[PDB]
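Presented below is the structure to which this report refers.
Every read-out reported here was derived from the displayed coordinates using simple, explicitly stated rules and does not represent laboratory data. Neighbour counts are summed over all protein chains in view; Cβ atoms, including those assigned to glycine, are modelled from backbone coordinates with ideal geometry.
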């Protein structure tokens, strides 16, 4: 099984339980109470696009934990928010500059320094990419798209300088739904 938290070496919180329980906060606390109208005003898009962007932002927020080095070592998931944001930069690139705002908000959801290196294995777990396909509907590249890591940091510093309000509209529902599903399942 694809896991999210191990804490010794055994799977405590699976990937499917962590995404589904946090989607109840994305749907129930936010999307059932008109957060899509709040998102359509800030992100300058329509309502039904903003409701499905927030769902897919939380689904792809922990996809960097699905690396084959992480699921096999069974210990920890350090710099997974870097690997999640690089995948989400490739997936959400069809939505324009708003998808880059989503990719910054996935990066900042576990940042606790304010400098990662390239891992040797970049292939994600194919058992995880089934679960992301069953919940989102898009297609994921099987390897981590290591886009030099420095073309993303200078455009994240551009987005954080100009459009932090659009980032925090995706970041704050993502962090709130992340800590809830980590509290029930663990």
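Of the residues making up the range 7-25, at least one is assigned to a helix (DSSP H, G or I) and in contact with a strand residue (DSSP E or B) (Cβ under 7 Å, 6 or more places away or on another chain).
Of all the criteria given as (1) part of a helix (DSSP H, G or I); (2) more than 20 Å from residue 20 (Cβ to Cβ); (3) within 16 Å of the chain's Cα centre (by Cα), the one not satisfied by residue 132 is (2). Would you check if residue 43 is in contact with a strand residue (DSSP E or B) (Cβ under 7 Å, 6 or more places away or on another chain) and either surrounded by 16 or more Cβ atoms within 10 Å (Cβ to Cβ) or under 19 Å from residue 184 (Cα atoms) (or both)? No: the conditions fail for residue 43. Apart from one condition, residue 11 fits all of (1) closer than 21 Å to residue 186 by Cα; (2) touching a helix residue (DSSP H, G or I) at 6+ places or on another chain (Cβ under 8 Å); (3) surrounded by fewer than 17 Cβ atoms within 10 Å (Cβ to Cβ); the exception is (2). Apart from one condition, residue 59 fits all of (1) in a loop (DSSP other than H, G, I, E, B); (2) surrounded by 13 or more Cβ atoms within 10 Å (Cβ to Cβ); the exception is (1). So which residues in the range 83-93 are more than 16 Å from residue 52 (Cα to Cα) and crowded, with 19+ Cβ neighbours inside 10 Å, if there are any at all? Passing the criteria: 83, 84, 85, 86, 87, 89.
Quick check: is even one residue across the range 99-107 touching a helix residue (DSSP H, G or I) at 6+ places or on another chain (Cβ under 6 Å) and outside any helix (DSSP H, G or I)? No, that holds for no residue. Before we move on, is residue 148 assigned to a loop (DSSP other than H, G, I, E, B) and at positive phi? It is true that residue 148 is assigned to a loop (DSSP other than H, G, I, E, B) and at positive phi.
May I ask you to verify whether residue 29 is surrounded by 17 or more Cβ atoms within 10 Å (Cβ to Cβ), closer than 21 Å to residue 175 by Cα and in contact with a helix residue (DSSP H, G or I) (Cβ under 8 Å, 6 or more places away or on another chain)? Reasoning before the result, please.
Numbers: surrounded by 17 or more Cβ atoms within 10 Å (Cβ to Cβ): no; closer than 21 Å to residue 175 by Cα: yes; in contact with a helix residue (DSSP H, G or I) (Cβ under 8 Å, 6 or more places away or on another chain): yes.
No: the conditions fail for residue 29.
Just the residues that are surrounded by 12 or more Cβ atoms within 10 Å (Cβ to Cβ) and under 15 Å from residue 147 (Cα atoms), please, taken from the range 94-120. Once the filter is applied, which keeps residues that are surrounded by 12 or more Cβ atoms within 10 Å (Cβ to Cβ) and under 15 Å from residue 147 (Cα atoms), the range 94-120 yields 100, 103, 104, 107, 116, 119.
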